[PDB]
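**Student:** So that you have it, the file is entry02.csv, and it contains CSV, C-alpha atoms:
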```csv
chain,number,residue,atom,x,y,z
A,1,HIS,CA,146.1,-117.7,43.4
A,2,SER,CA,148.0,-117.4,40.2
A,3,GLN,CA,148.7,-113.8,41.0
A,4,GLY,CA,149.8,-114.7,44.5
A,5,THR,CA,151.8,-112.3,46.6
A,6,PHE,CA,155.5,-112.4,45.4
A,7,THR,CA,155.4,-108.6,45.1
A,8,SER,CA,155.3,-108.0,48.8
A,9,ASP,CA,158.4,-110.1,49.4
A,10,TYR,CA,160.8,-107.6,47.7
A,11,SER,CA,159.2,-104.2,48.1
A,12,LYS,CA,160.3,-104.5,51.7
A,13,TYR,CA,164.1,-105.3,51.1
A,14,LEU,CA,164.3,-101.8,49.6
A,15,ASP,CA,163.1,-100.6,53.0
A,16,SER,CA,166.3,-102.0,54.3
A,17,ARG,CA,168.7,-100.6,51.8
A,18,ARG,CA,167.6,-97.0,52.2
A,19,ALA,CA,167.9,-97.8,55.9
A,20,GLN,CA,171.5,-98.9,55.5
A,21,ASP,CA,171.8,-95.9,53.2
A,22,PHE,CA,170.9,-93.5,56.0
A,23,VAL,CA,173.7,-95.1,58.0
A,24,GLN,CA,176.1,-93.4,55.7
A,25,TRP,CA,174.8,-89.8,56.3
A,26,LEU,CA,174.8,-90.0,60.1
A,27,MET,CA,178.3,-91.3,59.5
A,28,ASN,CA,180.5,-91.4,56.3
A,29,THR,CA,183.7,-90.5,58.2
```
Rewrite the structure of this file - the entire thing - as structure tokens.

**Tutor:**
Amino acid sequence: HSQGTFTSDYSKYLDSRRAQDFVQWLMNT
């Protein structure tokens, strides 16, 4: 309903940025 699941749309994306963020440690030249 009303409260319907927008929340779980985003709180995922941030599981992609700290995954791209890792890619700097195992790298950053």

**Student:** Quick one, how far is CA of residue 7 in chain A from CA of residue 22 in chain A?

**Tutor:**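 Computed distance, CA of residue 7 in chain A to CA of residue 22 in chain A, equals 24.2 Å.
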
**Student:** Kindly give the distance, in Å, that separates CA of residue 9 in chain A and CA of residue 23 in chain A, rounded to a single decimal.

**Tutor:**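 About the pair CA of residue 9 in chain A and CA of residue 23 in chain A: they are 23.1 Å apart.
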
**Student:** For the atom pair CA of residue 6 in chain A and CA of residue 19 in chain A, what is the interatomic distance in Å to one decimal place?

**Tutor:** 21.8 Å

**Student:** Can you save range 2-29 of chain A of the given block to a file, including N, CA, C and O atoms and formatted as an mmCIF file, in the first residue's frame?

**Tutor:**
```cif
data_model
loop_
_atom_site.group_PDB
_atom_site.id
_atom_site.type_symbol
_atom_site.label_atom_id
_atom_site.label_comp_id
_atom_site.auth_asym_id
_atom_site.auth_seq_id
_atom_site.Cartn_x
_atom_site.Cartn_y
_atom_site.Cartn_z
ATOM 1 N N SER A 2 0.038 2.266 0.438
ATOM 2 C CA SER A 2 0.490 3.606 0.804
ATOM 3 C C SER A 2 1.977 3.636 1.119
ATOM 4 O O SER A 2 2.782 4.195 0.335
ATOM 5 N N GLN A 3 2.330 2.820 2.078
ATOM 6 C CA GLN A 3 3.754 2.772 2.546
ATOM 7 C C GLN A 3 4.685 2.075 1.599
ATOM 8 O O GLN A 3 5.804 2.631 1.493
ATOM 9 N N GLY A 4 4.086 1.385 0.617
ATOM 10 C CA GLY A 4 4.727 0.581 -0.467
ATOM 11 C C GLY A 4 6.227 0.801 -0.682
ATOM 12 O O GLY A 4 6.589 1.928 -1.099
ATOM 13 N N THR A 5 6.890 -0.278 -1.039
ATOM 14 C CA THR A 5 8.362 -0.419 -0.947
ATOM 15 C C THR A 5 9.355 0.445 -1.755
ATOM 16 O O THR A 5 10.416 -0.078 -2.175
ATOM 17 N N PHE A 6 9.275 1.781 -1.677
ATOM 18 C CA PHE A 6 10.322 2.607 -2.350
ATOM 19 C C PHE A 6 11.685 2.410 -1.689
ATOM 20 O O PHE A 6 12.628 2.016 -2.404
ATOM 21 N N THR A 7 11.667 2.239 -0.406
ATOM 22 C CA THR A 7 12.891 2.134 0.389
ATOM 23 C C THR A 7 13.972 1.155 -0.074
ATOM 24 O O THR A 7 15.088 1.612 -0.441
ATOM 25 N N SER A 8 13.473 0.045 -0.570
ATOM 26 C CA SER A 8 14.335 -1.068 -0.958
ATOM 27 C C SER A 8 14.882 -0.926 -2.376
ATOM 28 O O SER A 8 15.389 -1.922 -2.951
ATOM 29 N N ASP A 9 14.459 0.150 -3.010
ATOM 30 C CA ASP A 9 14.977 0.546 -4.329
ATOM 31 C C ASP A 9 16.397 1.081 -4.196
ATOM 32 O O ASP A 9 17.319 0.599 -4.899
ATOM 33 N N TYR A 10 16.533 2.046 -3.297
ATOM 34 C CA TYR A 10 17.809 2.743 -3.045
ATOM 35 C C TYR A 10 18.828 1.940 -2.257
ATOM 36 O O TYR A 10 20.027 2.010 -2.623
ATOM 37 N N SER A 11 18.428 1.541 -1.048
ATOM 38 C CA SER A 11 19.316 0.952 -0.015
ATOM 39 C C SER A 11 20.194 -0.233 -0.429
ATOM 40 O O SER A 11 21.193 -0.523 0.275
ATOM 41 N N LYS A 12 20.147 -0.399 -1.732
ATOM 42 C CA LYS A 12 20.836 -1.281 -2.669
ATOM 43 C C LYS A 12 21.943 -0.556 -3.453
ATOM 44 O O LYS A 12 22.951 -1.224 -3.780
ATOM 45 N N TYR A 13 21.572 0.502 -4.182
ATOM 46 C CA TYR A 13 22.545 1.380 -4.891
ATOM 47 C C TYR A 13 23.799 1.625 -4.055
ATOM 48 O O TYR A 13 24.938 1.668 -4.582
ATOM 49 N N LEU A 14 23.585 1.823 -2.775
ATOM 50 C CA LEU A 14 24.716 2.094 -1.887
ATOM 51 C C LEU A 14 25.544 0.839 -1.619
ATOM 52 O O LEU A 14 26.446 0.845 -0.747
ATOM 53 N N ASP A 15 25.038 -0.265 -2.128
ATOM 54 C CA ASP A 15 25.774 -1.534 -2.095
ATOM 55 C C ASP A 15 26.550 -1.691 -3.395
ATOM 56 O O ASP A 15 27.383 -2.621 -3.546
ATOM 57 N N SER A 16 26.463 -0.641 -4.183
ATOM 58 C CA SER A 16 27.165 -0.567 -5.467
ATOM 59 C C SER A 16 28.253 0.503 -5.435
ATOM 60 O O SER A 16 29.324 0.329 -6.068
ATOM 61 N N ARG A 17 28.032 1.522 -4.616
ATOM 62 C CA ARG A 17 29.026 2.601 -4.535
ATOM 63 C C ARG A 17 30.220 2.243 -3.655
ATOM 64 O O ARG A 17 31.373 2.390 -4.121
ATOM 65 N N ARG A 18 29.952 1.516 -2.582
ATOM 66 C CA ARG A 18 31.012 1.010 -1.689
ATOM 67 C C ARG A 18 31.584 -0.282 -2.276
ATOM 68 O O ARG A 18 32.588 -0.856 -1.776
ATOM 69 N N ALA A 19 31.095 -0.601 -3.446
ATOM 70 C CA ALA A 19 31.670 -1.719 -4.191
ATOM 71 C C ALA A 19 32.601 -1.178 -5.268
ATOM 72 O O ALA A 19 33.769 -1.628 -5.373
ATOM 73 N N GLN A 20 32.235 0.006 -5.716
ATOM 74 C CA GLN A 20 33.101 0.755 -6.628
ATOM 75 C C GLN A 20 34.193 1.469 -5.840
ATOM 76 O O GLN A 20 35.371 1.466 -6.276
ATOM 77 N N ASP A 21 33.911 1.565 -4.554
ATOM 78 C CA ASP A 21 34.780 2.300 -3.631
ATOM 79 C C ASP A 21 35.960 1.448 -3.234
ATOM 80 O O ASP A 21 37.115 1.916 -3.148
ATOM 81 N N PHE A 22 35.665 0.147 -3.161
ATOM 82 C CA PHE A 22 36.675 -0.896 -2.942
ATOM 83 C C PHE A 22 37.695 -0.886 -4.073
ATOM 84 O O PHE A 22 38.919 -1.050 -3.843
ATOM 85 N N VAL A 23 37.163 -0.688 -5.266
ATOM 86 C CA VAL A 23 37.948 -0.784 -6.502
ATOM 87 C C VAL A 23 39.062 0.254 -6.605
ATOM 88 O O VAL A 23 40.139 -0.074 -7.158
ATOM 89 N N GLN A 24 39.034 1.120 -5.620
ATOM 90 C CA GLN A 24 40.061 2.143 -5.442
ATOM 91 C C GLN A 24 41.198 1.640 -4.547
ATOM 92 O O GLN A 24 42.318 2.196 -4.571
ATOM 93 N N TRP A 25 40.883 0.794 -3.596
ATOM 94 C CA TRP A 25 41.915 0.342 -2.644
ATOM 95 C C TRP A 25 42.846 -0.700 -3.247
ATOM 96 O O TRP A 25 44.079 -0.473 -3.355
ATOM 97 N N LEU A 26 42.185 -1.601 -3.940
ATOM 98 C CA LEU A 26 42.809 -2.715 -4.656
ATOM 99 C C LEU A 26 43.434 -2.202 -5.954
ATOM 100 O O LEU A 26 44.298 -2.896 -6.545
ATOM 101 N N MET A 27 43.436 -0.877 -6.012
ATOM 102 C CA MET A 27 44.026 -0.107 -7.111
ATOM 103 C C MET A 27 44.677 1.226 -6.706
ATOM 104 O O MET A 27 45.579 1.198 -5.839
ATOM 105 N N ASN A 28 43.911 2.301 -6.797
ATOM 106 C CA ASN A 28 44.425 3.685 -6.712
ATOM 107 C C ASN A 28 45.920 3.915 -6.872
ATOM 108 O O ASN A 28 46.583 4.358 -5.900
ATOM 109 N N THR A 29 46.351 3.580 -8.077
ATOM 110 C CA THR A 29 47.652 3.761 -8.767
ATOM 111 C C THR A 29 48.918 3.975 -7.930
ATOM 112 O O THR A 29 49.038 3.396 -6.827
#
```
